[PDB]
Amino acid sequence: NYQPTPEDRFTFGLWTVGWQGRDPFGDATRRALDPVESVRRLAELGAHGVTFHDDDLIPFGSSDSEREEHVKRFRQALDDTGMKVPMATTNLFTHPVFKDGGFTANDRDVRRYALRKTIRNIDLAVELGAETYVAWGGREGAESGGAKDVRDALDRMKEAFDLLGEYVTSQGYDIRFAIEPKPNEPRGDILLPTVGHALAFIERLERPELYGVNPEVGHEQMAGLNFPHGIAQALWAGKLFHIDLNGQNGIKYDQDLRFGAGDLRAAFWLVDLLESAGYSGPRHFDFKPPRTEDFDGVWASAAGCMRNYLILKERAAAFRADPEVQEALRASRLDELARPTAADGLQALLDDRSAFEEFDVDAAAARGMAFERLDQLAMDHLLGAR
């Protein structure tokens, strides 16, 4: 039951299943994985593909000859398995040089270095067939108020993104960028902390059409925000270029639990939205197999991500298709929500005595919304209790 296949478009970062378990308070609990092994094991599980940071695939500091060999072996694994690489990103956070940021480091030399490191990897991402290039500005921010003038930092961030858009345009690449927001951790506050902030920022770029968002479940939940609502807004804006799926139990450190763990009902409403909107991009998991687990547990966690997506997909579909639910949705006036408020125009609205002078506000107020009955139908579908 609920067996993934590559047509489901499930993808995983190399850094997910490859996480060695080092946390702020603990040493590694697992050995490093060869990317080749991870491709092979994921393929066996039904995955469609993998994503990488530059430094996951090619150890920082590698010679060109080493670099060539790492890529060659990785490409052989993809060829052996039929796995794709839909997305890649740059590690602008691990090396101590990025301690005050990459693109918005106070030190100009560091900003220039961050751009050069990104550009090098964009070339590689294209060669591997990636359609999306993610930027996660995890070190862009501050722990204290004087340390970063945020207007200056946003000027730097815009400059960076504008230069990367010039580069892709100059090379004739089809690849697009996706900003992954996060509100805090590792910096006390991170710039562009939410989907809303990233969307707004994009509209200030020279070529806004090249940039979207890569929202992560856990990250919006770390601000206590409603993830399906943020995704709806991104979709509404035409900017959902990629999505990062995982779980998170509330407002705390970034847990990166397997998808479906954490807020299960939010997961349900997310899959409902993605499927009903016809989202066609990768279903990418950015999760950490807990450091309690050995390698068998790693592969169990990854299989569980995909399984949970497919179960929720089934239940959401059954929800939307159920004639009793369709009736409930009409009872709750969701059909009315989708109709124009005033397609008649402003003057007609102004002249419509039924909209004000003769509006019976007490009758309107007395009509129940019937949302509880609708929501219990949703719960019954999720739990298979219909």
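Position 1 is the first residue in the sequence shown; the rest follow in order.
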- Query: When the C-alpha temperature factors are averaged for each of 334-342 and 57-65, which stretch ends up with the higher value in the entry?
  - Reply: 57-65
- Can you let me know which of the two, 21-29 or 366-374, has the higher average C-alpha B-factor in the entry? 21-29
- Note on the structure: From the entry's CA B-factor values, the highest among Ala114, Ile311, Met157, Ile175 is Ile175
- Item | Deposited CA B-factor, highest of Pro96, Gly297, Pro208, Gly82 | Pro208
- Item | Third assignment of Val126 from its chain's C-alpha B-factors | middle
- Note on the structure: Of the three thirds of the chain ranked by Cα temperature factor, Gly196 occupies the lowest
- Item | Among modelled residues of the same chain, the CA temperature factor third for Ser301 | middle
- Task: Would you mind ranking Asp109 by its C-alpha B-factor against the rest of the chain and naming the third, lowest, middle or highest?
- Result: middle
- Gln233: CA B-factor among chain residues, third -> middle
